[PDB]
């Protein structure tokens, strides 16, 4: 029933929205038209809204010519403002995430964090924890919003942070939870990682532990998360 499923999407229960979206996407032109109209009334986002990301990404994932064309024409930069306190271009990150190319998105995210830190980090291609502490909140918000909106809330530094808090801030308990260690075995980069949504919650983006936890801790303690309600 398209009428009842559209009503379910326009009601306020997020869990019932998500089931309606999945059902509508499998109902051809009528269901997909309801989803496209929903996007049109809710994009561009101001605050990240998981349902809106799920609608967009569900439609992208159909990989049908006309819907893909319509989405690219109407939302050429995606559904979320690509804002940067340093004028950085986040469209390549958005494009990788919209394609569900999470490995590429992980690589781009690492490159952008170095670019955000400055020439020293870009030259050495890794970060000092103090550079992380001084990141502008706006860029971290954009980066995280993209990861979260294009992963049904499963990926993002905000997701890792809340799992870390749930672990009593014990990093040795966090790694197994997000799939970065299995018992004694560190997950080998890149081939050991799971570059798709079957991965555990918080699996991406990656934070190499070769130089210790200081960068990750500085990132999870950064004021962006409380400031933007993550």
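Take the two forms, superpose them, and find the largest set of C-alpha atoms that agree within 1.5 Å; that set is the rigid core. Residue numbers count along the first chain shown, from 1.
Greatest C-alpha divergence in 5 other deposited structures of this protein once each structure is fitted on the rigid core, 16-24 or 218-226: Higher average C-alpha offset in 5 other deposited structures of this protein goes to 16-24.
Quick check: by Cα RMS after rigid core superposition, does 48-56 or 180-188 differ more from this form in 5 other deposited structures of this protein? So, of the two stretches, the farther one in 5 other deposited structures of this protein is 180-188.
Would you determine, from the values in the PDB entry, which of 76-84 and 115-123 has the greater average C-alpha temperature factor? Comparing 115-123 with 76-84, the higher mean C-alpha B-factor belongs to 115-123.
Using the B-factors recorded in the PDB entry, average over the C-alpha atoms of 159-167 and of 31-39, then report which stretch comes out higher. 159-167 has the higher mean C-alpha B-factor.
Check the PDB entry and point out which of 132, 97, 143, 137 has the largest C-alpha temperature factor. Reading the PDB entry, the winner on C-alpha B-factor is 137.
Where the record places residue 13 (Cα B-factor, split into thirds across the chain): It falls in the top third of the chain.
Based on the deposited C-alpha B factors for this chain, I'd like to know if residue 179 is in the lowest, middle or highest third. Tercile = lowest for this residue's CA B-factor.
CA B-factor placement of residue 194, once the chain's modelled residues are sorted into thirds: Answer is middle: the recorded C-alpha B-factor places it there.
Where the record places residue 172 (Cα B-factor, split into thirds across the chain): CA B-factor rank for residue 172: highest third.
Grab the CA temperature factor for residue 205 from the record and place it in the lowest, middle or highest third of its chain. It belongs to the lowest third of the chain when residues are ordered by C-alpha B-factor.
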